[PDB]
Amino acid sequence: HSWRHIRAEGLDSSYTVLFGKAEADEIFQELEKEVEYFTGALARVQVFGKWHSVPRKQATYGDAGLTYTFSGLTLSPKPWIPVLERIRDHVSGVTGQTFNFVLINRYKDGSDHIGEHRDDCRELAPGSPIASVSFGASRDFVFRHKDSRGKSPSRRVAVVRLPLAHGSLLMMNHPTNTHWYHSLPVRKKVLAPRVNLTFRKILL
């Protein structure tokens, strides 16, 4: 519980390394063995009026009844499995927060990526934190303020950039997700896979 605090205007997150190399390797191995990713029609989204396969693999796990929707795609959560419960329980232990849902994004290499968005779901519990736990290759994670994007922005607030390491936890606390977009940009020189888990408190 030594945390790096990430502060900017309307930005309140914190970052720590939860697990040492050997433990994070074991957890990564088990994630690779056990996680089942969506394919085909459940891996296409619509943005700007055009449909695309997502440039990564995704999976959702959580309590019965929950659903998760973004960009024209609805995902239903698979029942919890031991490796995800273990990570969930550790994260809750260390933060005092609870979660009933996890979105998993796997980036096979640096060309897999995710575009800019806020985690402002309707189904998301108002004011609840999001716990982002990473395994595998380090990848750069980028926060941009809502008012600073476009050719002429309302304001020019500085972008915030963090490398997210193997075994790390990034807590995204209110009001981070009302004011800041985030993304995981392409990093061509990264050749190895990364699995990210974002634990959330969803409304049934």
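In case it trips you up, residue 1 is the first one in the sequence shown, and so on.
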Exercise. Between 39-47 and 168-176, which has the higher average C-alpha B-factor in the PDB entry?
Worked result: 168-176
For this session: Identify the stretch, either 153-161 or 131-139, whose C-alpha atoms have the larger mean B-factor according to the entry.
Result: 153-161
Problem set entry | Out of 73, 124, 114, 104, highest CA B-factor residue | 124
Seminar exercise, completed: Split the chain's modelled residues into thirds by Cα B-factor; residue 108 lands in the lowest
Seminar exercise, completed: Temperature factor at the Cα of residue 11, chain-ranked in thirds, falls in the highest
Seminar exercise, completed: Among the modelled residues of its chain, the C-alpha B-factor of residue 60 falls in the third labelled middle
Seminar exercise, completed: Quick tally, chain-level thirds of C-alpha B-factors: residue 33 sits in the middle
